[PDB]
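Next up: a single chain in structure tokens, the form deposited in one PDB entry.
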């Protein structure tokens, strides 16, 4: 029916079967680009705000603060605009320029800094702005806020289960906050009770999850895969439900996104390319040859025109 505001219109994204990846259509993709602010972050942008409202921590007159740098900022921005909250977002410069472009149009207070142009400086600045009548600023903290995986457990997961009629065997998802794969895996494994394979994807340039799990030296690095590879283990990543970790490189991720466009007619982002690459690698193993693989496509390629995608 009719939604009270845009934040209520989150989710219910479609599953599309791939024809040039996997083995006879065992790879299907969930296109999260079909969201109110056109990324997966719309869900947590809505639910974090809702939960902060229900906890009383978010009230009229209080300002929203977070670091994000990516799609979470856009989601929080549209939700704040829709539900009447002033919002300040912290980020140096500047990747990507469309990220930087939308936020100003959505009327968020962009505070621009530069440690070495980094999230260290951004988060520090966020903490500082919070430290100024802290009863006026509220930090939602997407990396540890339980509402983040909660919304994925309540919507995304059940949507996957519903649309696959409980046939989903594998879920492949890149990890940024970890919320997506955490919530989804919790929903399908615990609430529905099916023992699927949860597959986390990370850049091979910064495989901190693989390194941690293997008990090797954790060495984060630079990469071109927007949205994932935070370079640390976020609190919203539930390692306990992670069955498998796949690493993908920036070049292959990019090429895979381009392939989604040109061959599948799917306008997918870089991290979407990475997720699809990992999922394809799994799909062409006999072990998963006859299993249904569901792959999360977080964002849309139009948010990457300024990047190396084009």
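Positions refer to the first chain, counted from 1. Superpose the two forms; the largest set of C-alphas matching within 1.5 Å is the rigid core.
Heads up, the form deposited in another entry isn't pictured, but that's what we're talking about next.
> After aligning the rigid core, which of 158, 115, 146, 166 is the one whose Cα travels 2 Å or more between this form and the one not shown?
Result of the superposition: 115 is the only one at 2 Å or more.
> Superposing on the rigid core, is the Cα displacement of residue 83 between this form and the one not shown 2 Å or more?
No, the C-alpha moves less than 2 Å.
> Once the core is aligned, does residue 95 move its Cα by at least 2 Å between this form and the one not shown?
The answer is yes; the displacement is at least 2 Å.
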